[PDB]
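Notes follow once the structure below has been shown.
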Amino acid sequence: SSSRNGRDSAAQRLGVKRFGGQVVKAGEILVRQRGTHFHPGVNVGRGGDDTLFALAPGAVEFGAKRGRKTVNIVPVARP
Amino acid sequence: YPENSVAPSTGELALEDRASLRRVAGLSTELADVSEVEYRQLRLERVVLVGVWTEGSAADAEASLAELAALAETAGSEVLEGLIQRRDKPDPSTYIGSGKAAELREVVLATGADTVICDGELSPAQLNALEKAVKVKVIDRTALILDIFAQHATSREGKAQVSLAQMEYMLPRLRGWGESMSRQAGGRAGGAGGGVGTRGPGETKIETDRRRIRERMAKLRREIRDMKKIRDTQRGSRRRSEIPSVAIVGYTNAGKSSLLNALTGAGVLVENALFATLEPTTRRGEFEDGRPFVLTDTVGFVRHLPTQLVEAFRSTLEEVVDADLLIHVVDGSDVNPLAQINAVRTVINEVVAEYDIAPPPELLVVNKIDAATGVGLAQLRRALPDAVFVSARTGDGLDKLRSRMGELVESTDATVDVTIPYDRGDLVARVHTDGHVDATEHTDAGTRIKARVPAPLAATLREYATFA
RNA sequence: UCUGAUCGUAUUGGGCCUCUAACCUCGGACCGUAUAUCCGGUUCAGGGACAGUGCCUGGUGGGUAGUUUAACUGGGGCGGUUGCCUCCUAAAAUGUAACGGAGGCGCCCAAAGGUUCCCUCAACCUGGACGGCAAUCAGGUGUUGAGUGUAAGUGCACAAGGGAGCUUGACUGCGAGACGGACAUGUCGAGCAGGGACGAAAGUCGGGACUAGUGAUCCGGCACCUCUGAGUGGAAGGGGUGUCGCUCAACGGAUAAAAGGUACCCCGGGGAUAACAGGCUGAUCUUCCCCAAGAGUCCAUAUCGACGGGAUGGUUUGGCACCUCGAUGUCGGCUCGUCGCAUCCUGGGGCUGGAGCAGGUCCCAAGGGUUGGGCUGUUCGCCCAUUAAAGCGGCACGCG
RNA sequence: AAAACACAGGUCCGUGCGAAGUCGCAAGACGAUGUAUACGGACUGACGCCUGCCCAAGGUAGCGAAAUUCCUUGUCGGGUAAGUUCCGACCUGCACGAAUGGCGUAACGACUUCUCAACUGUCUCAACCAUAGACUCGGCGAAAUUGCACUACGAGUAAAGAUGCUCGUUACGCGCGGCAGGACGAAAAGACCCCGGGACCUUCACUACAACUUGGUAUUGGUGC
RNA sequence: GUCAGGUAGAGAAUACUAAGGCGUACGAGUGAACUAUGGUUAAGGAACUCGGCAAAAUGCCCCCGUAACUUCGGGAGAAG
RNA sequence: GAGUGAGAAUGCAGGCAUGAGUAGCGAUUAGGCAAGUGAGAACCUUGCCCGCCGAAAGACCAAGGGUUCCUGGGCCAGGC
RNA sequence: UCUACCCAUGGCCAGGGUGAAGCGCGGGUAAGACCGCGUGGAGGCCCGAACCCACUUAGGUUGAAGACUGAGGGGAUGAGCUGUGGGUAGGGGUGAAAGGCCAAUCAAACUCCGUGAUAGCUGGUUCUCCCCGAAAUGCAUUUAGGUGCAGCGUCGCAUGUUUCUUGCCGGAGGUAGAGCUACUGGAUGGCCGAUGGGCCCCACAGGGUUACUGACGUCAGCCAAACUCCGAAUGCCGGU
RNA sequence: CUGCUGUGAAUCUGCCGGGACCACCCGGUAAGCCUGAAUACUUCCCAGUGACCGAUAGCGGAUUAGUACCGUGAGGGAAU
RNA sequence: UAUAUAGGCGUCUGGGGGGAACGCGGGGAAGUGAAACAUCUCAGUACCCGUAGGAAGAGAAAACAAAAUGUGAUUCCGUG
Ligand SMILES: Nc1nc2c(ncn2[C@@H]2O[C@H](COP(=O)(O)OP(=O)(O)CP(=O)(O)O)[C@@H](O)[C@H]2O)c(=O)[nH]1
């Protein structure tokens with residue numbers, strides 16, 4: 001009475017790695033995603049696998065534009 | 001062990017005139033009403049039949065397939081085609097002739113098929129030999145006979161006795177095809193249900209484990225033991241009253257239930273099928289002048305009565321052996337009504353052999369008058385022996401069936417003249433209401449008459465019986 | 001010696017026939033010898049460069065030996081899996097088991113890659129020769145329902161979908177800083193230089209819309225290098241760079257190389273794990289009930305009562321694996337019991353399709369009783385002859 | 001303790017003779033002080049029975065029967081009140097199986113399974129009698145077992161079967177002779193099942209070796225083609 | 001391994017005895033159940049039981065008479 | 001500086017409990033009395049009687065044992 | 001020295017039956033074969049003690065005894081039983097073959113040695129007080145009752161509130177719920193309606209039609225882990 | 001550097017080694033011998049030593065000790 | 001059988017067996033470790049055979065070394 005099922009895949013730890021208002025260094029990953037759940041705005045770039053990474057030191061921000069959630073890096077002012 | 005293997009090469013199995021790979025496969029069977037055999041989904045199994053020509057000829061040759069096609073349709077699956085062979089010798093392996101296994105596999109693959117039938121009980125191996133070759137669900141005459149009763153089952157009595165018959169038919173072939181059926185199971189719904197066939201109970205299967213099968217046969221046998229007591233308790237009043245009873249004995253589809261509806265105003269079910277009425281049902285009726293007698297139907301009797309299913313017909317057999325006058329209904333469809341009647345009558349012989357009381361008086365009738373004898377004319381009405389028939393395939397009038405039935409029923413009621421005086425204000429009322437009032441030669445005052453009376457009224461008026 | 005047949009003489013191998021001196025004979029006769037079927041010696045008779053033995057070498061070889069013969073597993077076997085990818089389970093961060101529910105992968109593409117530029121489908125409506133429901137064409141409606149090489153999902157109409165021009169970035173030398181993480185693995189990466197592609201430039205290009213398409217180390221192969229070079233110069237070998245060889249698929253990969261029997265078994269352990277027994281559940285089973293379609297001669301409920309529904313008992317078949325494997329001895333029979341009543345007889349009642357004789361069903365009732373035999377291991381059941389009856393069950397399927 | 005081994009009988013195979021075979025590294029030994037009417041191995045296991053036209057090339061050529069029992073195929077009766085083993089006439093068309101395996105077989109058997117006659121305490125169904133223990137008295141005088149102790153019962157609870165816990169019931173202290181229902185009684189670190197290790201056995205598992213066999217070369221030479 | 005009395009017997013079986021040697025090493029009681037070993041059992045006669053297990057029964061000598069089958073030997077002590 | 005700390009290993013050596021003054025006291029033959037001996041007598045000595053074996057349980061030979069044979073003395077171990 | 005078989009040399013088997021060959025006589029005959037009678041005394045012959053073995057049953061079963069006793073049993077002139085003396089020795093022997101026996105053990109005897117074999121297995125591990133104080137999870141495993149690394153303990157060292165709770169603020173989510181005329185499915189009853197059929201004219205073209213069907217669509221009510229136009233509460237990530 | 005089986009050299013411009021091999025250099029001069037000291041061990045004997053045991057320890061053996069005793073034998077083997 | 005030898009006769013000198021360890025030469029395991037196992041390790045240990053000596057074995061470069069004007073038999077210790 002064998003079972004045809006039983007297989008699965010590994011833990012691709014997707015999800016947002018830096019949330020709103022979080023201070024980031026350049027190059028850091030912001031979301032690991034499959035597809036285009038999020039888009040890039042200002043100072044945000046897309047990697048090979050639809051990853052989103054910072055392009056300047058700053059603070060993360062999540063907004064929307066034209067109907068698609070986008071991630072931006074607002075430049076923190078030096079106090 | 002393997003000798004010259006050129007048998008279907010040059011040799012002929014039983015080719016006296018027409019055999020040995022001939023597989024006439026004539027009479028493609030099948031029938032269409034308004035098309036839409038299913039109307040949404042797989043409501044037909046596209047079955048195929050089989051027949052083995054034996055003693056007899058065209059008189060019966062096609063008769064088997066004619067009966068089987070109708071029976072399979074009743075089960076509710078389109079019969080694609082039939083296939084027989086002259087078959088001088090019934091081969092115990094598959095009794096099919098020259099073992100044309102590849103040939104029948106190919107002619108069933110050429111057709112949608114996916115279901116096959118047979119004629120007669122098949123031994124476990126006697127059917128496996130074809131299961132292997134065909135690679136399709138195969139169920140023989142007795143399997144379908146039982147499935148019909150299962151589908152039509154209505155009450156506890158039937159749902160138990162048909163269940164027992166099915167278990168005991170499995171008993172000799174618990175190995176092989178039963179496991180083959182269970183392997184893929186019904187698969188939503190199978191071609192052979194269980195205790196009730198038409199969905200509902202019996203949805204799972206018939207035989208799955210030998211232990212459970214034996215257990216359930218034991219329980220079922222005890223249940224029928226219980227039902228015998230219940231039935232004989234119910235059947236008290238008639239035997240306690242000595243009330244004449246008659247039985248409608250018809251082969252099948254002979255309009256027994258419809259005839260009962262007629263002549264008695266009964267409203268019993270009359271469905272198009274070879275096994276419609278499940279248990280013998282009865283009703284009180286009146287003869288020409290009175291005699292509040294009883295009339296009962298019988299359950300269908302098909303050629304080669306499967307002995308694997310007798311618990312169902314046991315009640316019917318009892319109800320026919322505990323009766324006086326028998327009326328034999330036939331169906332005017334086949335070409336050999338003589339064969340129909342002789343076959344169905346072959347059973348009363350063993351009935352009386354077992355429960356010997358006497359050969360009951362006999363009468364004949366054949367329904368379907370409107371549609372029957374379309375090319376028969378009144379030969380069967382004049383030249384043929386005792387028979388009366390006016391019922392139509394839906395219903396008609398009854399003219400002398402109710403007269404000769406009374407004249408041939410037990411005439412135990414004494415007809416000796418008795419003298420009834422005036423005496424009380426309405427003393428004659430007792431006789432008027434009891435013993436009929438035949439020949440009410442009412443005169444005057446102390447009215448003098450002549451009428452029949454039963455044993456107690458005769459003995460009560462004995463002293464007053466002054467000759468005319 | 002260069003372009004080169006045949007030459008004269010001397011050095012040699014094989015096949016075949018022989019010979020005797022190597023060697024062989026448990027064939028004979030003599031001597032050591034008085035005894036000796038030993039042994040050696042002389043000689044005669046047969047073989048004979050064979051055979052046998054030494055070193056080397058290819059086959060046959062359980063005759064014998066050393067061993068291997070995986071794990072998961074609602075006990076074990078049998079069956080079925082074993083790595084990677086996607087979804088649900090998965091409880092709105094990540095993650096999360098089950099022999100839980102579905103599927104794919106062990107590739108493909110020299111363009112289906114890079115870049116520049118342009119376009120918008122499916123479906124529907126109306127009209128048109130073949131041509132139709134569906135081909136190509138015209139108009140309109142048509143914001144995503146078509147398609148996206150390949151599983152599913154995340155996305156894609158800003159197009160990642162559809163066309164075309166040119167190209168090879170399917171680069172070399174790197175890499176701030178991060179994700180994931182037992183470790184080893186695994187993913188992302190702006191930007192700098194060299195030399196290119198596309199484009200007027202800005203710019204994009206370190207393979208494919210993303211996520212599977214793979215295998216550590218060892219050992220060895222193949223090309224190049226300002227390496228090394230066992231006294232010295234070389235070379236052999238080694239080293240670096242780049243790459244190559246594993247259904248090592250049991251996919252973190254014991255060996256380069258491996259199946260089975262044991263009731264002839266044995267040892268170390270285990271109630272971590274089974275068979276009997278107890279325990280929980282009650283699917284199955286037994287005891288009934290609820291509703292009443294129908295049957296029962298008319299008449300649901302004298303007697304039954306389908307399709308459906310609710311439970312009791314813990315005796316059957318099972319599920320679980322909680323005690324017991326440093327021992328709880330299995331069935332049937334015999335002896336001895338004791339108990340429940342769901343009563344077989346005897347006792348008291350109701351109803352009756354109870355005239356009487358009897359019967360059916362229900363209620364109360366456990367005091368006592370409930371046979372002997374033939375076959376059947378038979379769990380058990382069939383038969384014989386009686387009786388008022390030859391009851392059903394629990395107690396480690398009571399009691400070794 | 002037998003149906004098993006053996007056995008006389010039979011049929012193959014090896015062996016031409018310090019044979020073949022076996023023990024031994026070898027010498028050597030047995031086989032044999034024997035010689036194919038013998039020796040060694042291998043199966044079977046007295047004795048009898050098993051069937052014709054083709055069968056310097058005639059053709060399908062497998063007999064095509066039997067003494068055939070899987071043959072509960074009710075396919076009937078005898079065996080008795082009810083009878084298992086069986087006994088006989090039927091369904092028993094590849095059935096089946098046997099050219100070397102099957103049928104028969106007188107005699108025999110502490111073999112297996114049944115029926116009859118006689119006989120009986122085997123039984124219905126038990127009673128009595130004697131002896132040897134038991135029992136009492138005198139002498140000597142162990143043993144296994146043993147966490148403990150002035151060690152009840154019911155219903156419960158608990159590692160789910162309670163002398164030992166809870167709540168109730170019952171029971172004056174101490175012995176003697178008996179029964180065997182408990183102490184999951186004693187006995188043997190369960191022989192069953194699983195796990196790990198082992199052993200021995202099998203083989204077309206792996207890898208070796210003994211042994212056998214094939215060739216090169218040394219022993220090993222001469223003359224002729 | 002050797003000797004082998006007498007009677008009844010075929011007998012070296014069995015019984016009782018001669019010669020010879022022993023009473024061999026815990027006893028004395030006691031009608032307990034129960035166990036072992038013997039004995040007997042009315043009437044039935046395998047009903048017991050998985051199974052005639054055990055026990056019972058026949059058993060010697062002399063005269064008659066001895067079947068089916070058979071390898072012609074037997075069977076055979078047939079059996080009676 | 002340690003052979004340094006035991007209540008368990010079905011641990012090992014010695015001593016001693018419980019069962020318990022309990023089972024058993026070893027074949028299918030059998031002993032009794034009188035008298036003696038002696039502190040002490042069922043068991044020893046003598047006399048009688050009774051019983052057992054008698055193809056041995058009698059009498060020899062070999063193997064094996066090794067002084068167990070006989071006389072005197074003794075009786076705390078052994079003799080169930 | 002037991003036991004398996006073999007070798008050398010001895011011994012033993014009470015008593016009683018049947019009666020084969022051979023030989024003689026007589027018949028049968030050419031003829032023998034064959035038939036009766038006599039001596040004769042063969043036989044893995046018969047009955048049965050000694051002797052040997054071990055079929056049944058009871059007893060014993062901390063036994064009288066580590067294999068016996070009682071009572072019946074089988075062989076008992078033969079492949080017989082037995083004494084004395086020898087031979088075959090372990091991966092070897094012997095085996096009328098049971099894996100039987102080889103000194104109370106044999107699917108490879110005994111003793112000593114290698115040796116204090118090894119055992120992922122079971123048992124054992126001895127005096128006290130104080131402080132702290134777990135895990136039964138993840139991954140991998142010829143792996144699952146073992147082990148390595150991480151997690152969770154303790155101790156020393158370094159920093160020091162970075163820990164944690166509460167408030168407020170900034171975040172992504174697609175669960176609970178809910179919704180479907182917003183997607184993919186199934187489905188409940190109506191409404192209109194192509195296919196229509198069958199019917200009235202009758203063409204077949206052209207008009208009505210027709211207990212009826214559902215193409216599309218419409219109304220009302222539904223539901224879904226692998227449906228979502230939406231969508232909380234907690235949790236989580238930072239800041240304060 | 002060596003053991004077995006084949007084959008098989010030159011005597012100094014000779015021959016071997018210098019980590020495959022080749023040339024130059026360098027070191028030696030095979031196929032012949034003998035040779036103490038430095039070094040390993042205690043059957044035995046003599047003189048001492050011990051943050052060694054002290055009668056269940058220390059040798060199995062403080063007393064009959066390889067004794068009694070067990071086994072056919074090798075062999076095991078105490079207590080006081 | 002002729003030379004001669006084998007062999008025979010006599011006479012002289014030696015060996016033979018034992019011993020705790022250590023020496024030299026030669027055969028040479030497996031348990032075990034590798035978490036299995038075969039190479040491998042165990043380990044040239046155990047055991048065995050031959051053979052002595054008070055010690056043995058090896059010993060006088062056909063050696064090392066590396067261009068150093070090198071050291072100068074063997075043995076055994078300590079480093080490396
Ligand atoms: N011949 C006949 N047929 C009839 C009559 N009335 C009806 N029928 C048709 O016959 C069919 C079968 O019903 P019927 O023959 O009465 O069944 P039955 O023979 O009484 C009982 P069963 O069907 O089991 O044999 C029905 O479908 C019905 O339409 C009649 O009077 N005579």
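Points to keep in mind about this one:
- Gyration tensor (alpha-carbon) shape descriptor, region B:175-216, a/c threshold 1.5: oblate
- Legend: calculated FRET efficiency, B:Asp399 to B:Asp322, from the Cβ-Cβ distance at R0 = 22 Å, rounded to 0.05, equals 0.15.
- Springs join every pair of Cα atoms under 10 Å in this Gaussian network model of chain A, and among A:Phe38, A:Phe53, A:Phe19 the largest mean-square fluctuation is at A:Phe19.
- Using the alpha carbons alone, the radius of gyration of the protein assembly as shown stands to its Kirkwood radius in an Rg to Rh ratio of 1.28.
- Residues B:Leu49, B:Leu363 in ascending order of nearby Cβ atoms (within 10 Å, fewest first): B:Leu363, B:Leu49.
- Three-way shape label, region B:1-126, alpha-carbon gyration tensor, a/c 1.5: prolate
- Region B:334-417: translational diffusion in µm²/s, Stokes-Einstein, Kirkwood Rh over Cα pairs, 4 °C, 1.567 mPa s: 84
- Averaging Cα coordinates gives a centre for region B:131-172 and one for region B:281-348; these two points are 23 Å apart.
- Most simply put, chain B has about 20% antiparallel DSSP beta bridges, counting only bridges with both residues inside it.
- Exposure proxy ranking, count of Cβ atoms within 10 Å, fewest first, for B:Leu398, B:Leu269: B:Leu269, B:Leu398
- Amide H within-cut-off set for A:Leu30, under 5 Å, with H built and near neighbours excluded: A:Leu52, A:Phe53, A:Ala54
- The share of alpha-carbon pairs in chain B lying farther apart than 30 Å comes to 56%.
- ³J(HN,Hα), Karplus 6.51/-1.76/1.60, whole Hz, each residue of region B:6-18, x for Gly, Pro: 10, 5, x, 7, 10, x, 10, 4, 9, 6, 3, 10, 8
- Taking the number of Cβ atoms within 10 Å of each Cβ as an exposure proxy, the fewest-first ranking of B:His436, B:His442 is B:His442, B:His436.
- GluC sites (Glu not before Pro) within region B:25-117, DSSP loop, no more than 13 other Cβ atoms inside 10 Å: B:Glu36, B:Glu38, B:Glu55
- Cα gyration tensor shape of region A:30-79, rounded if a/c is under 1.5, else prolate or oblate by comparing a/b with b/c: oblate
- Computed over the Cα atoms of region B:316-383, pair by distinct pair, the Kirkwood hydrodynamic radius stands at 13.5 angstrom.
Note that we place each Cβ from the backbone using ideal geometry, even for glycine, and neighbour counts take in every protein chain shown. Every number here is computed from the coordinates shown, using simple stated rules; none is lab data.
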